[PDB]
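Two versions of one and the same chain are coming, encoded as structure tokens; call them structure 1 and structure 2.
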Structure 1
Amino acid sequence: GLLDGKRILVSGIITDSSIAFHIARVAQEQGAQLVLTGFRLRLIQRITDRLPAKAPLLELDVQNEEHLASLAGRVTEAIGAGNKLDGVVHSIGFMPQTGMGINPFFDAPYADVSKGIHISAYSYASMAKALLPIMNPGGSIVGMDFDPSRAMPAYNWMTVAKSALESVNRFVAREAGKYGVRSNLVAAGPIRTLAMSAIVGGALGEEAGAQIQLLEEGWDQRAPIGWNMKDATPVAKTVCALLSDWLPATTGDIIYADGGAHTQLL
């Protein structure tokens, strides 16, 4: 058991195709006791019933100030007073279709970009602010990322939200360090979630479906060890490695679980 006895909060489960669902499943397989958060709760309760073990499901809208202000208290009620968190998983991402997809880069209104940056980047800090007081020293906060160091088609303002998230992670590390807590991001390669498969199937047109297929083919080609977009397990394992006590001198950083694709040009 890699995470034996650890109490880990896991956000971002929407379906059993979510990266967070696999992070939760692998953490439970490694002995961690989970607390799950979710923004449609009826679907969430049905989805999480497919996890190896039972886990309390708390409601969390990262834009709702009341949900965040009460979060530490609601978590303590779920795990019991006298207990604290050893880990936190931020697997939350959102960008309206005006800022991500087929809409031209310049045509995204700032109100939609601002909402995307609030959920995808600012929420990493507001979740750390809420949960650090109830975290044990030696704990770990892990956020999900997708390498934004180079521009690419369709991802557009979500790439901008990820460049902001990377900057936020380095400042969250400064704050988290005071609690003896690490803060890191996992830059994952593309994973065929329900929305990603729908895009490949033509939900966003044949040009967006071709650009995503080209990105996926190129990812597997550049990755020295290959990249299977239908397998979320290598990413979930990497998040568990950062949640464990086996990367204890790593903080404010990014671990690439992308098959090594970002290290190769061709």
Structure 2
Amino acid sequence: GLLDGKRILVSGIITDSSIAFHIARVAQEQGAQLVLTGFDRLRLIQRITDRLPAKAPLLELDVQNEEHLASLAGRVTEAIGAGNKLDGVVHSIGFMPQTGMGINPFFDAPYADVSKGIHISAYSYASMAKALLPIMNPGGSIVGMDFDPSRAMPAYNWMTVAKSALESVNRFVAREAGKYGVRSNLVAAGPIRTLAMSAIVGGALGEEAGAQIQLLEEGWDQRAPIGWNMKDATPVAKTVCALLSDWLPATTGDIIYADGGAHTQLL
């Protein structure tokens, strides 16, 4: 049990393809006791989370809702029991309106759209850490999901901007989390076919979704020295669990790349 006895809050399950679903599955297989947070369709998410290896309380969390955030630690504490604290927090949340993605012109995305995406995808990492650090044990770990935004790329558009914001937020979350003996890190994952990829990325690409996703999949697997499988979230979930474990105890404010080594190779 890599996470045996650890109490871990995992956010971001929307379907069984979600990276958070696989983080939760691997974490439960490794002995973690989970609290899950879901957004919007809690009744559908409930149905999905029933397919996880073990039962886990499901709490509603809209990161844009200040009352959900203010009552969060209290709702987590009643779910895990008084006296118990969290050892891990998984932020696997992202959003960007379709206007800030795909073939929609980069300059045409209104700031209202971009700002909502930045709020959910980047600011929410600080807001979740602010709400959960008061109930985190020393030695704990906060992990957020990133997609390497160091270079501009096709389709990802304003989400790349949101991920660059996220990386910077992570380094500041590490400064605040250090006061609690808590580490804060991002897992920069390769492309995994999720509902976000299909509905947000795919949908915003339209006529170009097929070619772009094919080129992304073939190019990523070629670039990755050990290959990359866009339909297998397990290596990403295992990396998130390594950061939640006690086996990366000196890493904070950082980014672990679970991308097959793709970011290290030009071609």
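Just so we're on the same page, residue numbers count up from 1 along structure 1's sequence. Only residues modelled in both forms are compared. Rigid core here is just the name for the largest C-alpha set that superposes within 1.5 Å across the two forms.
> For the set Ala241, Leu58, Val26, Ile199, which residue undergoes a C-alpha shift of 2 Å or more between structures 1 and 2, given alignment on the rigid core?
Replying inline: Shifted by 2 Å or more: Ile199 only.
> By how many angstrom is the CA atom of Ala69 displaced between structures 1 and 2 after fitting on the core?
Replying inline: Reported C-alpha shift between structures 1 and 2: 0.4 Å at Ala69.
> Hey, core superposed, how many Å does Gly209 shift at the CA between structures 1 and 2?
Replying inline: Rounded to one decimal, the shift is 2.1 Å.
> For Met100, what C-alpha shift in Å results between structures 1 and 2 following superposition on the rigid core?
Replying inline: Looking at the C-alpha of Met100 between structures 1 and 2, the offset is 1.2 Å.
> Residues present in both forms, rigid core superposed: which consecutive runs of three or more show CA displacements of 2 Å or more between structures 1 and 2?
Replying inline: Run shifting 2 Å or more: just 194 to 206.
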